[PDB]
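# A closer look at the structure
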Amino acid sequence: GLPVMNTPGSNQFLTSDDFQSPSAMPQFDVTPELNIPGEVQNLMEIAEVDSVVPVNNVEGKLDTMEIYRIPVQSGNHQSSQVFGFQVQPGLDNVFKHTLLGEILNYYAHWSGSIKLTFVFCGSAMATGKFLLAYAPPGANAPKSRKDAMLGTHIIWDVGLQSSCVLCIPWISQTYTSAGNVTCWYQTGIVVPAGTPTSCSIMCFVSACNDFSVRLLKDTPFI
Amino acid sequence: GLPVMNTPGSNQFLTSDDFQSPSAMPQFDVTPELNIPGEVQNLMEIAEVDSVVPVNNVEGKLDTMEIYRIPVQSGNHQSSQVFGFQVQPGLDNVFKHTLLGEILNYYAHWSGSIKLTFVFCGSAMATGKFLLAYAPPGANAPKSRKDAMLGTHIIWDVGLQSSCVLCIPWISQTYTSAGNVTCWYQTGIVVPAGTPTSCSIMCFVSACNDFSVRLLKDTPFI
Amino acid sequence: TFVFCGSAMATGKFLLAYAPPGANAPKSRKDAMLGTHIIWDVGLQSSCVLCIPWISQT
Amino acid sequence: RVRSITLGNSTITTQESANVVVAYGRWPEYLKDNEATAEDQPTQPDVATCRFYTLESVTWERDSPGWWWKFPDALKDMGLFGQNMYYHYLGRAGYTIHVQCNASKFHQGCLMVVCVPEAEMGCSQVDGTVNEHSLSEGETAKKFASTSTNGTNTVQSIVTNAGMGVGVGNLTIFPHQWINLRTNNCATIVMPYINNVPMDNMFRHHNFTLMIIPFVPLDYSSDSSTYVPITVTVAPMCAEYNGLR
Amino acid sequence: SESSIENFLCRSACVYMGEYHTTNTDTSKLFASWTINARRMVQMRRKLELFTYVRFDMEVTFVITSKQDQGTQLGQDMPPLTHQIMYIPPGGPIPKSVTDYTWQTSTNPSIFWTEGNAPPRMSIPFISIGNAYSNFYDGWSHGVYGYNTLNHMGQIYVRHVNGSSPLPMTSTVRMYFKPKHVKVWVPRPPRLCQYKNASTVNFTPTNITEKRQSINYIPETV
């Protein structure tokens, strides 16, 4: 009764299938759910959290806390460069092991926009100015303070603000073909008497609201 | 006709399946049902019956009726202990083979609340007092009559009541980490002339209305 | 009422602890923290006020 | 521009422009009525639990890796809260942590203050079991290390791994605040009860761990104070125990 | 939408590959055995360490192959082989040999299967008296650190269903595991250390990230 015809694909085990399954313990009532705080629906909720960037990743300081501190030096040096890096998460060693970097290495294609945040950790009596400049992907890094001023920049006065936030629009993956950010001494740091000498900058990276990821893969870290 | 496609899981025999089956005797009319008294719908109806506990399970008396009798002795002993045990059904040898104990060993996780009942089987002319004390799981057994009085207790006067009932709330399974019950001489037993000397206490265990069991397994008794 | 009379550039923290009548004085900073206390940060407040309820004599 | 708070017979003073972190958006509360309705009886003391317990101060110098505290077992000798830890077999609570420090305007430094739920730490040697005394000293803070530790029974307390095998820059996923000395010197974190069962024992299980880590080290100049004290004040909130009747 | 929790975890993997014989002189090489913990498959382990508490159902498919020994005897005409696959809930009895009585107990769910058919499959509910599983536990069992008794999830035993004095063949089983209806709580930072053992969180200190030339270094734009 009920004539029936087997199609090809019968009696195979496909690893990605979504069929019903017989339960092995039908006479069993599961424990009811408890409202635990902190439920996660989506991995973008983890990527949209700030985490500290190891910018000072040079030889000798890779297992100390000194990797996280940008070394602002004292004196009059009002044209030199403070730091510079490309904005390439998932690939570049600066951004590779952050909270945003670890999530991006489970996916093969991703694109979105990034929020950077800089914090000056000096004494309350220090004042001075910095220049934060952004070059788009395709453009070269600036070589002086003057041609960095001729691009997109912002002048940050640490005597009036302790922090400066920066949103970067065009981010994706595939000798860089990526944008970069550099910082330049506009003035130099001025102190009164009886203060510490050196000062430090820290950096935080996060992801803005629109961020897309595709093609779940294996992670290349273990 | 009717194109059809076999999914994986075809032509297997799964021991827990619930499929239709062809009948081998279709031309057969079964005998109608008879209303026999005592129909059971659920194994909790068996666990919610009192049964006698073998409290006196010491060496020498394991195959006599003397295992069920708690030996109340005469004289003036008004601080000593009468008995004590942990309340752990399914595991402890005291409660292991009762009606509640045998049902609990078909399941791997269970939890509920227990009703204990004590009965004084002496002569009608005996009078005296006992103290029944309960310690929660985590707490130690008391060592005197005084610190048992400082906990949760009840003073039982066998000249006025022949029985005393006790409900215990927090029961589960996994050197005990369980509650316990102890009995102490408050006064001692007073008799007139021409009476028997010794007296006895019996104990009954049952389960209260809320009792849950999960994960049917094999019983470790045969 | 307590007032810190230092320079404007000094910062730090103090712990002000109150024991009721009958209780002993604390002997460390830890057991003073286990009672009724308040943590006073003189870089943010120059003063801290304290009301004490049960006062009498013999 | 000073607010003063009273709980029981305790009074502390804070700044009313302080900023409060609630941990995952959840205030503490009691378990409602009827998840265990039949015989599981709860009770609450409420009397000498809601009061401030002030721990000691720790000294912050140029070379200080950090401090940590296990909650509870850091309030086990703190009066009546340590009393009910002995008498009752099960219990739960939430907490409010104030962290404060006193510095001048000629000092500099930066702290991270984080509360890490179920901070399961690893042993210093690989094929070994951690001892319980190397996890907690009670009210006394333990210390991290600026180099890799050795020996037996020690916790691998290099500060860059935070004793957990993770990168220390990523502890912002937890409820946290920053204390930057050229700005505020106060931090407050409200922490509800977080577990996978409604109540539990309080000597076998450490619910969370408070950690304090300096990223930018403290520095000073000629005749300043060579140290900064940090002060921690804990208020238990909505505590609850098993019934005894 | 591909970063949802369900698409990130509901995926199959091989977790165990054992071998077992029809006749031997060892009696432990006559059946196949696996304790089911979620800390001994390095595939799913690192993906689960991003979360503190998890709750899911489990789906298990089996792939079984056989061969005849190259010892001495050819010219056989054997019928298809039958295989028994028994799941034990947490709190059930454990066999010691293939001839044990515990293979026949009514509370261990079992599957019988013969070769040539579709591969076998059964499903498991959330089996815990608690409300979620625990990926992390800071405390003691009662005393082993890090291990509690709420993450018991059971075992799997496989043997041949031959008669008496069988023919020598050796079989291999692959167990494929897949979680369904997954819910997670309290996100954690990823594991920046290679896993050492399968019970603890022990590790060796590793660097935070990789180095570069200087703090100003940006590679040349193509």
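Residues numbered from 1 in each chain as written, not as in the entry; some residues may be left out. Chains lettered and ligands numbered in written order. Part of a larger assembly, values for the part shown. Heavy atoms only, no water.

As deposited, the entry is annotated with cryo-EM as its determination method and 2.58 Å as its resolution.

Within the PDB entry, the label attached to chain C reads Capsid protein VP3, and the organism entered is Echovirus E11. The record lists its title as "Cryo-EM structure of echovirus 11 A-particle at pH 5.5".

Within the PDB entry, the label attached to chain A reads Capsid protein VP3, and the organism entered is Echovirus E11.

### Some points on the overall build of chain C
Using the following cut-off: Each helix is a run of H or I in the DSSP string that is no shorter than four residues. Each strand is a run of E no shorter than two, and both are numbered from the N terminus. In this description the radius of gyration comes from C-alpha coordinates, and the expected globular size is given by 2.2 Å times residues to the power 0.38. Only protein chains enter the accessibility calculation, which uses a 1.4 Å probe. A residue is then buried if its area is under 20% of the maximum for its type, exposed if over 50%, and partly exposed in between. Pairs of residues are marked as contacts when any of their non-hydrogen atoms sit within 4.5 Å. Only the protein chains shown count as cover for residues, with accessible areas throughout obtained via the Shrake-Rupley method and a probe of 1.4 Å.
Each helix and strand counted, chain C has 1 helix and 4 strands in total. The C-alpha atoms of chain C give a radius of gyration of 14 Å, which is well past the 10 Å a tight globule of 58 residues would have. If you line up chain C on its principal axes, its C-alpha atoms span 45 × 25 × 15 Å. Relative to its 58 residues, chain C shows a buried fraction of 31%. A separation threshold of at least 6 residues defines the contact pool for chain C, and within that pool the share at least 24 residues apart is 60%. Summing over all exposed atoms, chain C offers an accessible surface of approximately 3,600 Å²; the carbon and sulfur share of this is 60%.

### Focus on helix 1 (residues 80–87) of chain D
All names here are of chain D. Rule in force here: By construction, the arc corresponds to the directions joining the helix axis to the C-beta atoms.
Listed in full, the buried residues belonging to helix 1 are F81, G82, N84 and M85. Burial along helix 1 is one-sided: seen end-on, the buried residues are contained in an arc of 160°. With respect to the buried face of helix 1, the exposed residues turned more than 90 degrees away are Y86 and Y87. On its buried side, helix 1 packs onto strand 5 (53–60), strand 7 (91–101) and strand 13 (228–242).

### Considerations on the pattern of salt bridges
So the rule is basically this: Only one rule defines a salt bridge in this text: a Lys or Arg side-chain nitrogen within 4 Å of an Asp or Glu carboxyl oxygen.
According to the stated counting rule, one finds 18 salt bridges over all chains in the structure shown. Measuring nitrogen to oxygen at the nearest pair gives 3.9 Å for the salt bridge that ties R55(E) to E33(A). Remark: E33(A) occurs in the segment before strand 1 (39–40) and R55(E) occurs in strand 3 (residues 51–68); the pair is interchain, linking two chains. We classify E33(A) as partly exposed; its relative accessible area is 45%. What emerges from the salt-bridge pattern is a single network uniting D17(A), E59(E) and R121(E).

### Thoughts on the interface of chain E and chain A
Applied cut-off: For the purposes of these results, a polar contact is taken to be a pair of N or O atoms within 3.5 Å, where, inside protein, one atom must be able to donate a hydrogen and its partner to accept one; residues adjacent in sequence count only when each atom of the pair is a side-chain atom. Strands are treated as partners if at least two bridges between them are detected by DSSP.
On the side of chain A, 68 residues touch chain E, which itself brings 60 residues to the contact. For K183(E), the salt bridge goes to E33(A), with nearest N and O atoms at 2.8 Å. Counting the contacts that link chain E with chain A gives 28 residue pairs in polar contact. Strand direction decides the pairing type here: strand 1 of chain A and strand 9 (residues 169–187) of chain E, joined by 2 bridges, are antiparallel. When the sheet's bridge partners are listed, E39(A) is paired in strand 9 of chain E with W185(E).

### Details of the side chain of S123(A)
With respect to the helices and strands, the residue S123(A) is situated in the loop between strand 5 (107–121) and strand 6 (129–135). Under the relative-accessibility criterion, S123(A) is labelled buried at 2%. Contact partners of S123(A), with chain neighbours within four places excluded, come to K105(D), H107(D), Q108(D) and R182(D).

### Some words on the nonpolar core
The criterion, for reference: Residue types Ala, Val, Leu, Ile, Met, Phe, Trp, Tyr and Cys, when buried and joined through side-chain atoms within 4.5 Å, form a set referred to as a nonpolar core.
Within the largest apolar cluster, 126 residues are counted, with the highest numbers of intra-cluster contacts made by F130(A) and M211(D). When residues of this core are assigned to their parent elements, the largest contribution, 10 residues, is made by strand 10 (residues 199–216) of chain A. Those residues in contact with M211(D) that sit more than four places away from it in its chain are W67(D), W68(D), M112(D), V113(D), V114(D), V116(D), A119(D), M121(D), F144(D), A162(D) and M164(D). Within the second largest apolar cluster, 48 residues are counted, among which are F81(D), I179(D), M191(D) and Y241(D).

### Overview of the interface of chain D and chain E
So the rule is basically this: The term buried area means the drop in 1.4 Å probe accessible area that two parts suffer when joined, counted for both and summed. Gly falls in the polar group here, along with every residue not listed as nonpolar (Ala, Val, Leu, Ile, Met, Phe, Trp, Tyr, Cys, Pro) or charged (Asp, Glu, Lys, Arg).
Contacts between the two partners involve 39 residues from chain D, matched on the other side by 34 residues from chain E. Roughly 3,100 Å² of surface becomes buried between chain D and chain E when both sides are summed, with 58% attributable to carbon and sulfur atoms. Note that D138(E) is salt-bridged to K70(D), the shortest N-O span being 2.9 Å. Across the contact surface, chain D and chain E share 12 residue pairs in polar contact. Residue composition of the side of chain D that touches chain E, by class: 17 nonpolar, 17 polar and 5 charged.

### Brief notes about the pairing of strand 8 (residues 155–160) of chain E
Each regular strand displays side chains that alternate between the two surfaces of the sheet. Residues and elements named next belong to chain E. The buried count for strand 8 comes to 6 of 6 residues, which makes it a mostly enclosed element. Neither face of strand 8 is left uncovered, since the one carrying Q155, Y157 and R159 and the one carrying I156, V158 and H160 both have all their residues buried. Pairing of strand 2 (residues 32–35) with strand 8 involves 4 bridges; the strand directions are antiparallel. When the sheet's bridge partners are listed, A32 is paired in strand 8 with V158.

### Observations concerning the arrangement of the chains
Ranked by contact count, the leading pair among the 8 pairs of chains in contact consists of chains A and E. Here chain B and chain C are not in contact; the least distance found between their C-alpha atoms is 25 Å. Separated throughout, chain C and chain E approach each other most closely at a C-alpha pair spaced 24 Å apart.

### Some details on the sheet that holds strand 10 (residues 176–180) of chain D
Residues and elements named next belong to chain D. On the basis of which strands lie adjacent, the open sheet formed by 5 strands has the order 9-6-12-8-10 and antiparallel pairing. The open sheet has two free edges, formed respectively by strand 9 (142–143) and strand 10, since each of these has just one partner strand. Note that strand 8 (residues 108–117) and strand 10 share 5 bridges and pair antiparallel. Bridged to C110 within strand 10 is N180.

### Some words on unusual backbone geometry
For the peptide bond that leads from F71(D) to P72(D), omega is -5°, which places it in the cis range. Looking at the secondary structure, you find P72(D) in the loop between strand 6 (67–71) and helix 1. Of note, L2(B) is a non-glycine position whose phi angle comes to about 55°, a positive value. Summarising the element assignment, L2(B) is placed in the segment before helix 1 (44–47). Taking the relative accessible area as the measure of exposure, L2(B) reaches 54% and is therefore exposed. Positive phi, close to 55°, is recorded for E118(D), a residue that is not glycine.

### Quick word on a nonpolar patch on the surface
Counted only if it meets this: Exposure above 30% relative accessible area and the absence of a salt bridge qualify a residue for a patch, where like charges join within 9 Å and nonpolar side chains (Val, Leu, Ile, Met, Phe, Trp, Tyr) within 5 Å.
On the surface, a cluster of nonpolar side chains totalling about 360 Å² of accessible area is made up of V40(B), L43(B), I46(B), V49(B) and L99(B). Residue placement: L43(B) occurs in the segment before helix 1.

### Brief notes about the packing of aromatic side chains
Threshold: Note on aromatic pairs: the rings of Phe, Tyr and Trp (six-membered ring only in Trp) are paired at centre separations within 6.5 Å, and the planes decide the class, stacked below 30 degrees, edge-to-face beyond 60, tilted for the rest. Note on criteria: charge over ring means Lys NZ or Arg CZ within 6 Å of the ring centre, with the direction from the centre no more than 35 degrees off the ring normal.
Following the criterion strictly, the structure yields 30 aromatic pairs over all chains and no others. Look at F130(B) and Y185(B): their rings are 5.9 Å apart centre to centre, the planes differ by 40°, and that puts the pair in the tilted class. Each member of the pair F130(B) and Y185(B) is classed as buried. Grouping aromatic residues by their ring pairs yields a cluster made of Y68(A), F204(A), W178(D) and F215(D). One residue, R62(D), lies across the ring of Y220(D), its end atom 4.1 Å from the ring centre. Here the guanidinium or amino end of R159(E) rests over the ring plane of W103(E), the centre of that ring lying 4.5 Å away.

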